[PDB]
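Undergrad: What follows is target_29.cif, mmCIF, N, CA and C atoms.
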```cif
data_data
#
loop_
_atom_site.label_atom_id
_atom_site.label_comp_id
_atom_site.auth_asym_id
_atom_site.auth_seq_id
_atom_site.Cartn_x
_atom_site.Cartn_y
_atom_site.Cartn_z
N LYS A 1 69.21 125.60 95.11
CA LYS A 1 69.13 126.72 94.12
C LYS A 1 70.46 126.85 93.41
N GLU A 2 70.40 127.24 92.15
CA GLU A 2 71.59 127.48 91.34
C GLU A 2 71.57 128.96 90.98
N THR A 3 72.50 129.71 91.57
CA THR A 3 72.59 131.14 91.28
C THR A 3 73.11 131.28 89.84
N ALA A 4 72.97 132.46 89.24
CA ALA A 4 73.44 132.71 87.87
C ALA A 4 74.95 132.42 87.73
N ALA A 5 75.71 132.69 88.79
CA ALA A 5 77.15 132.44 88.78
C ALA A 5 77.42 130.93 88.83
N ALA A 6 76.63 130.20 89.64
CA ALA A 6 76.76 128.74 89.74
C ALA A 6 76.38 128.17 88.39
N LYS A 7 75.32 128.70 87.77
CA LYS A 7 74.90 128.23 86.44
C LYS A 7 75.98 128.47 85.37
N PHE A 8 76.67 129.61 85.46
CA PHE A 8 77.72 129.96 84.49
C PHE A 8 78.80 128.89 84.57
N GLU A 9 79.13 128.49 85.79
CA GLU A 9 80.14 127.47 86.00
C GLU A 9 79.77 126.12 85.39
N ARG A 10 78.56 125.66 85.67
CA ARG A 10 78.09 124.39 85.14
C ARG A 10 78.04 124.44 83.61
N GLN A 11 77.52 125.52 83.05
CA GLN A 11 77.41 125.60 81.60
C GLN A 11 78.69 125.84 80.85
N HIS A 12 79.62 126.58 81.45
CA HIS A 12 80.86 126.98 80.76
C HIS A 12 82.23 126.64 81.32
N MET A 13 82.36 126.22 82.57
CA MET A 13 83.72 125.96 83.08
C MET A 13 84.18 124.51 83.02
N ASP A 14 85.42 124.29 82.57
CA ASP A 14 86.01 122.97 82.55
C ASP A 14 87.53 123.05 82.69
N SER A 15 87.98 123.23 83.94
CA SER A 15 89.41 123.30 84.30
C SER A 15 90.08 121.92 84.27
N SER A 16 89.27 120.86 84.13
CA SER A 16 89.79 119.49 84.15
C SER A 16 90.70 119.07 82.99
N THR A 17 90.56 119.73 81.85
CA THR A 17 91.36 119.40 80.70
C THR A 17 91.90 120.70 80.13
N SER A 18 93.11 120.66 79.56
CA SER A 18 93.77 121.83 78.95
C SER A 18 93.16 122.25 77.60
N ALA A 19 92.45 121.33 76.96
CA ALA A 19 91.80 121.56 75.67
C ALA A 19 90.92 120.32 75.40
N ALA A 20 90.01 120.41 74.42
CA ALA A 20 89.14 119.28 74.08
C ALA A 20 90.02 118.06 73.75
N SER A 21 89.80 116.97 74.48
CA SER A 21 90.56 115.74 74.34
C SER A 21 90.30 114.95 73.07
N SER A 22 89.08 115.08 72.55
CA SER A 22 88.70 114.40 71.32
C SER A 22 87.61 115.17 70.58
N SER A 23 87.32 114.69 69.38
CA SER A 23 86.28 115.25 68.52
C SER A 23 84.89 114.93 69.12
N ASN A 24 84.91 114.09 70.15
CA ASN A 24 83.71 113.66 70.81
C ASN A 24 83.48 114.36 72.15
N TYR A 25 84.38 115.27 72.51
CA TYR A 25 84.29 116.01 73.75
C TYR A 25 82.95 116.71 73.95
N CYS A 26 82.48 117.46 72.95
CA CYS A 26 81.22 118.20 73.04
C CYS A 26 80.01 117.35 73.26
N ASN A 27 79.94 116.22 72.56
CA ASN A 27 78.80 115.30 72.71
C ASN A 27 78.71 114.83 74.17
N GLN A 28 79.85 114.44 74.72
CA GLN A 28 79.92 113.98 76.09
C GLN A 28 79.59 115.09 77.08
N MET A 29 80.23 116.25 76.95
CA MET A 29 80.03 117.37 77.88
C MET A 29 78.68 118.06 77.83
N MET A 30 78.11 118.23 76.64
CA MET A 30 76.81 118.88 76.52
C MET A 30 75.78 118.07 77.33
N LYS A 31 75.89 116.74 77.24
CA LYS A 31 75.05 115.82 77.97
C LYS A 31 75.31 115.82 79.49
N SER A 32 76.56 115.66 79.93
CA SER A 32 76.85 115.66 81.37
C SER A 32 76.57 116.99 82.11
N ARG A 33 76.59 118.11 81.38
CA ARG A 33 76.30 119.40 81.99
C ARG A 33 74.80 119.75 81.94
N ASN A 34 73.97 118.77 81.51
CA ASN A 34 72.51 118.88 81.40
C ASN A 34 72.00 119.91 80.39
N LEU A 35 72.78 120.13 79.34
CA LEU A 35 72.47 121.09 78.30
C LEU A 35 71.69 120.48 77.14
N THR A 36 71.31 119.22 77.29
CA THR A 36 70.52 118.52 76.27
C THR A 36 69.23 117.97 76.93
N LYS A 37 68.91 118.48 78.11
CA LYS A 37 67.74 118.02 78.87
C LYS A 37 66.38 118.14 78.18
N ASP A 38 65.94 119.36 77.84
CA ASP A 38 64.62 119.53 77.19
C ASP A 38 64.65 119.90 75.72
N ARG A 39 65.85 120.18 75.23
CA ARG A 39 66.07 120.54 73.85
C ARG A 39 67.58 120.44 73.65
N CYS A 40 68.07 120.67 72.45
CA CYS A 40 69.50 120.62 72.24
C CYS A 40 69.96 122.08 72.18
N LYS A 41 70.71 122.54 73.19
CA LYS A 41 71.24 123.92 73.20
C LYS A 41 72.01 123.96 71.89
N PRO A 42 71.71 124.95 71.03
CA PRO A 42 72.38 125.07 69.73
C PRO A 42 73.89 125.31 69.67
N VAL A 43 74.40 126.13 70.57
CA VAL A 43 75.82 126.49 70.63
C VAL A 43 76.20 126.70 72.10
N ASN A 44 77.40 126.30 72.48
CA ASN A 44 77.85 126.50 73.85
C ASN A 44 79.36 126.44 73.86
N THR A 45 80.00 127.34 74.63
CA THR A 45 81.47 127.36 74.76
C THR A 45 81.94 126.95 76.17
N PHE A 46 82.96 126.10 76.21
CA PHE A 46 83.55 125.69 77.48
C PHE A 46 84.94 126.35 77.56
N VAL A 47 85.27 126.84 78.76
CA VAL A 47 86.51 127.54 79.04
C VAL A 47 87.42 126.65 79.89
N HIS A 48 88.59 126.32 79.36
CA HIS A 48 89.51 125.44 80.06
C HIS A 48 90.53 126.27 80.83
N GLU A 49 90.06 126.99 81.85
CA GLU A 49 90.91 127.88 82.66
C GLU A 49 90.44 127.87 84.12
N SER A 50 91.26 128.40 85.03
CA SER A 50 90.81 128.46 86.43
C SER A 50 89.65 129.46 86.52
N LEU A 51 88.72 129.18 87.41
CA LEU A 51 87.58 130.06 87.64
C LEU A 51 88.08 131.45 88.09
N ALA A 52 89.15 131.50 88.91
CA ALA A 52 89.72 132.76 89.39
C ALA A 52 90.15 133.67 88.23
N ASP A 53 90.81 133.10 87.23
CA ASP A 53 91.23 133.84 86.04
C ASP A 53 90.06 134.34 85.18
N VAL A 54 88.99 133.55 85.12
CA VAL A 54 87.80 133.97 84.37
C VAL A 54 87.06 135.06 85.13
N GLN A 55 86.95 134.92 86.44
CA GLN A 55 86.26 135.91 87.28
C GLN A 55 86.95 137.26 87.20
N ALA A 56 88.27 137.24 87.07
CA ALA A 56 89.09 138.45 86.97
C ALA A 56 88.78 139.30 85.70
N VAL A 57 88.20 138.68 84.67
CA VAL A 57 87.82 139.37 83.42
C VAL A 57 86.76 140.47 83.71
N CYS A 58 85.95 140.29 84.76
CA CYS A 58 84.95 141.30 85.11
C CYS A 58 85.57 142.62 85.49
N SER A 59 86.89 142.66 85.67
CA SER A 59 87.53 143.94 85.98
C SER A 59 88.59 144.33 84.94
N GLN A 60 88.46 143.75 83.73
CA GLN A 60 89.35 144.05 82.61
C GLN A 60 88.73 145.02 81.59
N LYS A 61 88.79 144.70 80.31
CA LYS A 61 88.28 145.61 79.27
C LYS A 61 86.75 145.67 79.06
N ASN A 62 86.12 146.79 79.40
CA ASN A 62 84.66 146.93 79.22
C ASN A 62 84.33 147.08 77.74
N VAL A 63 83.47 146.22 77.20
CA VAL A 63 83.07 146.26 75.78
C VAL A 63 81.57 146.04 75.69
N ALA A 64 80.99 146.22 74.51
CA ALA A 64 79.57 146.00 74.31
C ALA A 64 79.26 144.50 74.11
N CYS A 65 78.14 144.05 74.69
CA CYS A 65 77.66 142.68 74.53
C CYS A 65 77.03 142.63 73.14
N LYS A 66 76.89 141.43 72.57
CA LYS A 66 76.28 141.25 71.24
C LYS A 66 74.88 141.87 71.12
N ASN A 67 74.13 141.92 72.23
CA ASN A 67 72.77 142.49 72.22
C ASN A 67 72.69 143.98 72.53
N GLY A 68 73.84 144.64 72.56
CA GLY A 68 73.84 146.05 72.85
C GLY A 68 73.93 146.39 74.33
N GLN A 69 73.79 145.42 75.24
CA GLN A 69 73.96 145.72 76.67
C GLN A 69 75.39 146.18 76.88
N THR A 70 75.64 146.88 77.98
CA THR A 70 76.95 147.44 78.22
C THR A 70 77.78 146.82 79.33
N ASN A 71 77.26 145.79 79.97
CA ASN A 71 77.96 145.13 81.07
C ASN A 71 78.88 143.94 80.68
N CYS A 72 79.46 143.99 79.48
CA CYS A 72 80.37 142.95 79.02
C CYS A 72 81.83 143.34 79.16
N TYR A 73 82.68 142.36 79.43
CA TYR A 73 84.10 142.59 79.63
C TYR A 73 84.91 141.58 78.84
N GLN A 74 86.00 142.05 78.25
CA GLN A 74 86.90 141.26 77.42
C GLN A 74 88.23 140.99 78.13
N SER A 75 88.71 139.75 78.02
CA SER A 75 89.97 139.35 78.63
C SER A 75 91.17 139.96 77.91
N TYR A 76 92.20 140.36 78.65
CA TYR A 76 93.41 140.91 78.02
C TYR A 76 94.15 139.79 77.35
N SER A 77 94.20 138.64 78.03
CA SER A 77 94.88 137.45 77.50
C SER A 77 93.96 136.55 76.72
N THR A 78 94.55 135.63 75.97
CA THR A 78 93.74 134.66 75.26
C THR A 78 93.56 133.49 76.23
N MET A 79 92.47 132.75 76.04
CA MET A 79 92.15 131.63 76.88
C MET A 79 91.85 130.42 76.04
N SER A 80 92.10 129.26 76.63
CA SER A 80 91.86 128.00 75.96
C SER A 80 90.35 127.73 76.03
N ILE A 81 89.69 127.62 74.88
CA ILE A 81 88.24 127.37 74.85
C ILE A 81 87.87 126.29 73.84
N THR A 82 86.66 125.75 73.96
CA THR A 82 86.11 124.76 73.04
C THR A 82 84.72 125.25 72.62
N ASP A 83 84.46 125.29 71.33
CA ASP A 83 83.18 125.73 70.78
C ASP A 83 82.41 124.47 70.41
N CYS A 84 81.16 124.36 70.86
CA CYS A 84 80.31 123.21 70.57
C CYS A 84 79.11 123.75 69.84
N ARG A 85 78.86 123.22 68.65
CA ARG A 85 77.75 123.67 67.83
C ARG A 85 77.12 122.46 67.17
N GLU A 86 75.79 122.46 67.07
CA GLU A 86 75.06 121.36 66.45
C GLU A 86 75.41 121.08 64.99
N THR A 87 75.37 119.80 64.62
CA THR A 87 75.61 119.40 63.23
C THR A 87 74.21 119.13 62.65
N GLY A 88 74.13 118.78 61.37
CA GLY A 88 72.84 118.49 60.77
C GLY A 88 72.25 117.18 61.29
N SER A 89 73.09 116.37 61.92
CA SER A 89 72.69 115.08 62.48
C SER A 89 71.86 115.22 63.76
N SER A 90 72.04 116.35 64.44
CA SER A 90 71.39 116.64 65.71
C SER A 90 69.87 116.78 65.63
N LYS A 91 69.17 115.91 66.35
CA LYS A 91 67.72 115.94 66.39
C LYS A 91 67.36 115.38 67.75
N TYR A 92 66.85 116.23 68.63
CA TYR A 92 66.48 115.83 69.99
C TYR A 92 65.62 114.55 69.99
N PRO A 93 65.87 113.61 70.92
CA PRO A 93 66.88 113.61 71.99
C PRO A 93 68.30 113.25 71.55
N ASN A 94 68.49 112.98 70.25
CA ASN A 94 69.84 112.63 69.75
C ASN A 94 70.64 113.84 69.29
N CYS A 95 71.01 114.64 70.28
CA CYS A 95 71.77 115.86 70.09
C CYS A 95 73.17 115.46 69.67
N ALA A 96 73.69 116.11 68.64
CA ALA A 96 75.02 115.82 68.11
C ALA A 96 75.75 117.14 67.90
N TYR A 97 77.05 117.18 68.24
CA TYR A 97 77.86 118.40 68.18
C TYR A 97 79.21 118.27 67.50
N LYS A 98 79.65 119.39 66.94
CA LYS A 98 80.95 119.51 66.32
C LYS A 98 81.80 120.16 67.39
N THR A 99 82.98 119.59 67.65
CA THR A 99 83.90 120.12 68.64
C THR A 99 84.99 120.94 67.97
N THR A 100 85.22 122.16 68.43
CA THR A 100 86.25 123.00 67.83
C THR A 100 87.14 123.67 68.91
N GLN A 101 88.45 123.37 68.88
CA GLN A 101 89.39 123.96 69.84
C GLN A 101 89.84 125.35 69.38
N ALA A 102 89.92 126.30 70.30
CA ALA A 102 90.36 127.63 69.93
C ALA A 102 91.14 128.27 71.10
N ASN A 103 91.84 129.37 70.81
CA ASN A 103 92.61 130.14 71.78
C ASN A 103 92.25 131.56 71.42
N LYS A 104 91.32 132.13 72.18
CA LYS A 104 90.82 133.48 71.90
C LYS A 104 90.53 134.27 73.17
N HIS A 105 90.30 135.56 73.02
CA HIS A 105 89.95 136.40 74.16
C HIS A 105 88.47 136.09 74.40
N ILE A 106 88.04 136.07 75.65
CA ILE A 106 86.65 135.81 75.94
C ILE A 106 85.92 137.07 76.39
N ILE A 107 84.60 137.12 76.19
CA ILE A 107 83.75 138.26 76.55
C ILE A 107 82.59 137.69 77.36
N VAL A 108 82.47 138.18 78.58
CA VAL A 108 81.45 137.71 79.49
C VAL A 108 80.68 138.89 80.03
N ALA A 109 79.44 138.66 80.42
CA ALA A 109 78.63 139.69 81.03
C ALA A 109 78.77 139.48 82.53
N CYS A 110 78.99 140.56 83.27
CA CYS A 110 79.15 140.48 84.71
C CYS A 110 78.01 141.16 85.45
N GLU A 111 77.74 140.67 86.65
CA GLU A 111 76.67 141.21 87.45
C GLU A 111 76.93 140.86 88.90
N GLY A 112 76.31 141.64 89.79
CA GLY A 112 76.34 141.42 91.22
C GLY A 112 77.42 141.91 92.16
N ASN A 113 77.22 141.58 93.43
CA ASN A 113 78.16 141.88 94.51
C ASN A 113 78.27 140.55 95.25
N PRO A 114 79.37 139.80 95.03
CA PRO A 114 80.49 140.15 94.15
C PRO A 114 80.17 140.14 92.66
N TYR A 115 80.84 141.04 91.96
CA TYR A 115 80.72 141.27 90.53
C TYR A 115 81.45 140.15 89.84
N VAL A 116 80.69 139.19 89.32
CA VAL A 116 81.25 137.99 88.68
C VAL A 116 80.57 137.68 87.34
N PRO A 117 81.13 136.73 86.54
CA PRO A 117 80.50 136.42 85.24
C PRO A 117 79.20 135.67 85.41
N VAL A 118 78.20 136.02 84.63
CA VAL A 118 76.91 135.35 84.71
C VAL A 118 76.38 134.87 83.34
N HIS A 119 77.10 135.21 82.27
CA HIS A 119 76.73 134.87 80.89
C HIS A 119 77.98 134.91 80.01
N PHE A 120 78.14 133.90 79.18
CA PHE A 120 79.28 133.87 78.25
C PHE A 120 78.72 134.53 76.97
N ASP A 121 79.34 135.63 76.55
CA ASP A 121 78.85 136.36 75.40
C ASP A 121 79.43 136.07 74.01
N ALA A 122 80.75 136.02 73.89
CA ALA A 122 81.39 135.80 72.61
C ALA A 122 82.86 135.54 72.85
N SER A 123 83.59 135.32 71.78
CA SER A 123 85.02 135.10 71.86
C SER A 123 85.57 135.85 70.64
N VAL A 124 86.69 136.55 70.81
CA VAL A 124 87.30 137.32 69.71
C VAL A 124 88.80 137.00 69.57
#
```
For this file, produce the structure as structure tokens.

TA:
Amino acid sequence: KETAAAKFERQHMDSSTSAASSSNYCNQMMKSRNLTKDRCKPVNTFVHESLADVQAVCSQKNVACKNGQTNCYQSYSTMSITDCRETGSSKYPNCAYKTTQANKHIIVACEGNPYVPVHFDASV
């Protein structure tokens, strides 16, 4: 079984590199993280930070999630992230992505005991 927290890790965590190594990073990662299995996930963000530092955001700044839910939290510090979004070339099973490096505050939705991130919401 993959808990929501385990899923958050697979879909969004990548402590292995300090930033996207190439313009081809997203194509490689979207595939290895199984995000192109039954369709091409349209957009996905990877966080290049320790899991401990990301988990700590659940006890930082409480803000509203994009859908109006209230269980979202914003990081005080900026974090190294990579934005992956489909290009016009993308057509399942040939999913294609644009890789974009950024340094922004992250917003995650938290849930549970322990209270940890379970959904990546936005970046500001």

Undergrad: Name the residues that the PyMOL selection byres ((chain A and resi 43) around 8) pulls out of this structure, and write them as a VMD selection string.

TA: chain A and resid 40 to 42 44 to 46 83 to 86

Undergrad: Give me the residues near range 60-62 of chain A as a PyMOL selection string, where near means some atom within 6 Å (using only C-alpha atoms) and where sequence neighbours in that chain fewer than 4 positions away do not count.

TA: chain A and resi 72-74

Undergrad: Can you work out the spacing between atom C of residue 54 in chain A and CA of residue 33 in chain A in Å, to one decimal?

TA: 19.3 Å

Undergrad: Quick one: everything within 8 Å of residue 97 in chain A, counting all atoms listed in the file, minus sequence neighbours fewer than 3 positions away in the same chain. Send it as a list in words.

TA: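 Counting only the stated atoms, we get residues 23, 24, 25, 26, 27, 28, 83, 84, 85, 86, 87, 88, 89, 90, 94 and 100 of chain A.
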
Undergrad: Just checking: using only C-alpha atoms, which residue out of A:47, A:56, A:79, A:124 ends up closest to residue 11 in chain A?

TA: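 Of all the options, A:47 lies closest to residue 11 in chain A.
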
Undergrad: In Å to one decimal, how far is atom C of residue 69 in chain A from CA of residue 109 in chain A?

TA: 8.4 Å

Undergrad: Restricting the calculation to all atoms listed in the file: of A:111, A:121, A:80, A:15, which residue gets closest to residue 67 in chain A?

TA: A:121

Undergrad: Can you fill out range 2-20 of chain A with N, CA, C and O atoms and hand it back as an mmCIF file, keeping the file's coordinate frame?

TA:
```
data_model
loop_
_atom_site.group_PDB
_atom_site.id
_atom_site.type_symbol
_atom_site.label_atom_id
_atom_site.label_comp_id
_atom_site.auth_asym_id
_atom_site.auth_seq_id
_atom_site.Cartn_x
_atom_site.Cartn_y
_atom_site.Cartn_z
ATOM 1 N N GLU A 2 70.400 127.240 92.150
ATOM 2 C CA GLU A 2 71.590 127.480 91.340
ATOM 3 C C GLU A 2 71.570 128.960 90.980
ATOM 4 O O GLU A 2 70.657 129.436 90.268
ATOM 5 N N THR A 3 72.500 129.710 91.570
ATOM 6 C CA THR A 3 72.590 131.140 91.280
ATOM 7 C C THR A 3 73.110 131.280 89.840
ATOM 8 O O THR A 3 73.660 130.327 89.286
ATOM 9 N N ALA A 4 72.970 132.460 89.240
ATOM 10 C CA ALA A 4 73.440 132.710 87.870
ATOM 11 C C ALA A 4 74.950 132.420 87.730
ATOM 12 O O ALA A 4 75.406 131.968 86.685
ATOM 13 N N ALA A 5 75.710 132.690 88.790
ATOM 14 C CA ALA A 5 77.150 132.440 88.780
ATOM 15 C C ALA A 5 77.420 130.930 88.830
ATOM 16 O O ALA A 5 78.317 130.425 88.145
ATOM 17 N N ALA A 6 76.630 130.200 89.640
ATOM 18 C CA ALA A 6 76.760 128.740 89.740
ATOM 19 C C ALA A 6 76.380 128.170 88.390
ATOM 20 O O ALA A 6 77.039 127.269 87.927
ATOM 21 N N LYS A 7 75.320 128.700 87.770
ATOM 22 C CA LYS A 7 74.900 128.230 86.440
ATOM 23 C C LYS A 7 75.980 128.470 85.370
ATOM 24 O O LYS A 7 76.123 127.681 84.429
ATOM 25 N N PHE A 8 76.670 129.610 85.460
ATOM 26 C CA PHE A 8 77.720 129.960 84.490
ATOM 27 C C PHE A 8 78.800 128.890 84.570
ATOM 28 O O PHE A 8 79.296 128.429 83.552
ATOM 29 N N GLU A 9 79.130 128.490 85.790
ATOM 30 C CA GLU A 9 80.140 127.470 86.000
ATOM 31 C C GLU A 9 79.770 126.120 85.390
ATOM 32 O O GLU A 9 80.573 125.516 84.675
ATOM 33 N N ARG A 10 78.560 125.660 85.670
ATOM 34 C CA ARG A 10 78.090 124.390 85.140
ATOM 35 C C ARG A 10 78.040 124.440 83.610
ATOM 36 O O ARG A 10 78.478 123.513 82.947
ATOM 37 N N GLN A 11 77.520 125.520 83.050
ATOM 38 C CA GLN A 11 77.410 125.600 81.600
ATOM 39 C C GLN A 11 78.690 125.840 80.850
ATOM 40 O O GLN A 11 78.829 125.371 79.717
ATOM 41 N N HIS A 12 79.620 126.580 81.450
ATOM 42 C CA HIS A 12 80.860 126.980 80.760
ATOM 43 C C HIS A 12 82.230 126.640 81.320
ATOM 44 O O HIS A 12 83.198 126.823 80.598
ATOM 45 N N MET A 13 82.360 126.220 82.570
ATOM 46 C CA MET A 13 83.720 125.960 83.080
ATOM 47 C C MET A 13 84.180 124.510 83.020
ATOM 48 O O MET A 13 83.402 123.600 83.323
ATOM 49 N N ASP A 14 85.420 124.290 82.570
ATOM 50 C CA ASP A 14 86.010 122.970 82.550
ATOM 51 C C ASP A 14 87.530 123.050 82.690
ATOM 52 O O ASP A 14 88.257 122.925 81.692
ATOM 53 N N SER A 15 87.980 123.230 83.940
ATOM 54 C CA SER A 15 89.410 123.300 84.300
ATOM 55 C C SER A 15 90.080 121.920 84.270
ATOM 56 O O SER A 15 91.299 121.819 84.413
ATOM 57 N N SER A 16 89.270 120.860 84.130
ATOM 58 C CA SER A 16 89.790 119.490 84.150
ATOM 59 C C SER A 16 90.700 119.070 82.990
ATOM 60 O O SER A 16 91.526 118.174 83.142
ATOM 61 N N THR A 17 90.560 119.730 81.850
ATOM 62 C CA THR A 17 91.360 119.400 80.700
ATOM 63 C C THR A 17 91.900 120.700 80.130
ATOM 64 O O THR A 17 91.215 121.710 80.188
ATOM 65 N N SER A 18 93.110 120.660 79.560
ATOM 66 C CA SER A 18 93.770 121.830 78.950
ATOM 67 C C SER A 18 93.160 122.250 77.600
ATOM 68 O O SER A 18 93.318 123.378 77.162
ATOM 69 N N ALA A 19 92.450 121.330 76.960
ATOM 70 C CA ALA A 19 91.800 121.560 75.670
ATOM 71 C C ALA A 19 90.920 120.320 75.400
ATOM 72 O O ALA A 19 91.017 119.333 76.128
ATOM 73 N N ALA A 20 90.010 120.410 74.420
ATOM 74 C CA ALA A 20 89.140 119.280 74.080
ATOM 75 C C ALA A 20 90.020 118.060 73.750
ATOM 76 O O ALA A 20 90.877 118.117 72.864
#
```
